[PDB]
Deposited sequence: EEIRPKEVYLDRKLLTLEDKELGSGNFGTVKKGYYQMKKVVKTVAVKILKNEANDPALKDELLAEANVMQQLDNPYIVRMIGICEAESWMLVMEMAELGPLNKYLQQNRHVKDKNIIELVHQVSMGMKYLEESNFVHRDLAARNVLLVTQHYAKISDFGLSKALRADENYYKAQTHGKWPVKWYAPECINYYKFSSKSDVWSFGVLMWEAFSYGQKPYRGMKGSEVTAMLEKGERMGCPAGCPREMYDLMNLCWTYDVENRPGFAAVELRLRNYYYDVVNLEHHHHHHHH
């Protein structure tokens, strides 16, 4: 899995510091995005690569390899159009049917992840990357964890720098991360998509979002969001873990609705 540094060329300017690059492979170059590291975070990057190395699915960013040089580097295949949230921000003309296509692709990628017993733990519109306007891939496995064969959740030790606004109550309250908690994040991700990349819980601190959810409150329907997609978000935001759907159920619902609407 070890790549040759002389064969890698990075553009100066950064697109957690990611740069564009070109890496000569065989007879041709391949365009790449490289995660570059800046003395225990070494292991974290290699853990991330170890996860990516075990995943093979159309809707997941493929790792090319690792490069020990200079800084430690994680080389990935380039998705030109970039993050979903910023793309939809700058392309308000994108049609709901196209957003359904995209979020459904994310659900297939997440279904695969659930079947593989990996938890992403950072599912958000910022970590969905567009290869084309009709092709999305899940990125950023820096927080991901492989589940044990005998357990359906990962238990964190303490509360680090966490994207609180994408996290289910059980994550915040018990540090328990399952595929079901990824479903909650997927709900927030859907909200983001149909709001054309608006931030969720705008202006609210994490503590206030947690209190809002604890009162049985949820985010509103985005302007022009298909009712069936809003209803799916609310299902993703089921408080009780056991009654919240897994990704198979979520993917099925999205697929049937996508196929029926196109």
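**Q** Go through the deposited sequence from residue 1 and tell me which stretches lack C-alpha coordinates, in order.
**A** No coordinates exist for the deposited residues in 1 to 7, 23 to 27, 51 to 55, 280 to 290, so these stretches are absent from the model.
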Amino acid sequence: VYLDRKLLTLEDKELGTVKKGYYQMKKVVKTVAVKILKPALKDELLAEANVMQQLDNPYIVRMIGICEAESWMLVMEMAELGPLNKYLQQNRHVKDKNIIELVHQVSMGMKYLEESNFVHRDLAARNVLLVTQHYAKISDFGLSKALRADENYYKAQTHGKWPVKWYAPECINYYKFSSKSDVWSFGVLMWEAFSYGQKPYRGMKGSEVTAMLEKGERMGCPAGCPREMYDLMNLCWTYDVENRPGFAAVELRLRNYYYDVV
From here on, numbers count along this sequence of modelled residues.
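The term rigid core refers to the maximal set of C-alpha atoms that superpose within 1.5 Å between the two forms.
**Q** Which of the two stretches, 66 to 74 versus 191 to 199, has its Cα atoms farther on average from this form in 9 other deposited structures of this protein when everything is superposed by the rigid core?
**A** When 66 to 74 and 191 to 199 are compared in 9 other deposited structures of this protein, the bigger C-alpha shift is seen for 66 to 74.
**Q** Looking across the other entries that model both neighbours, is residue 160 missing in at least a third?
**A** Across the compared entries, residue 160 is left out in at least a third.
**Q** Checking the other compared PDB entries, only those that cover the residues flanking it, does residue 227 lack coordinates in at least one third?
**A** Comparison shows residue 227 kept in all of the other entries.
**Q** Taking the recorded C-alpha temperature factors, which stretch has the higher mean, 17 to 25 or 245 to 253?
**A** Comparing 17 to 25 with 245 to 253, the higher average CA B-factor belongs to 17 to 25.
**Q** Hey, which bit's got the bigger mean C-alpha B factor in the entry, 144 to 152 or 103 to 111?
**A** Comparing 144 to 152 with 103 to 111, the higher average CA B-factor belongs to 144 to 152.
**Q** Whose C-alpha has the highest temperature factor in the PDB entry: 160, 169, 187, 82?
**A** When the deposited C-alpha B-factors of 160, 169, 187, 82 are compared, 160 is largest.
**Q** Can you tell me which of 211, 219, 69, 235 has the highest Cα temperature factor in the record?
**A** Most elevated C-alpha B-factor of the set, per the entry: 69.
**Q** How does residue 77 rank on Cα B-factor within its chain, lowest, middle or highest third?
**A** Within its chain, residue 77 is a middle-third residue by C-alpha B-factor, going by the deposited values.
**Q** Name the third of the chain's ranked CA B-factors that contains residue 207, choosing lowest, middle or highest.
**A** Lowest third.
**Q** By its CA B factor, does residue 97 count among the lowest, middle or highest third of the modelled residues in the chain?
**A** Its C-alpha B-factor, which the entry lists for residue 97, ranks in the highest third among residues of this chain.
**Q** Using the temperature factors of the C-alpha atoms in this entry, rank residue 39 within its chain: lowest, middle or highest third.
**A** Within its chain, residue 39 is a highest-third residue by C-alpha B-factor, going by the deposited values.
**Q** C-alpha B factor of residue 45, ranked within the chain: lowest, middle or highest third?
**A** It belongs to the highest third of the chain when residues are ordered by C-alpha B-factor.
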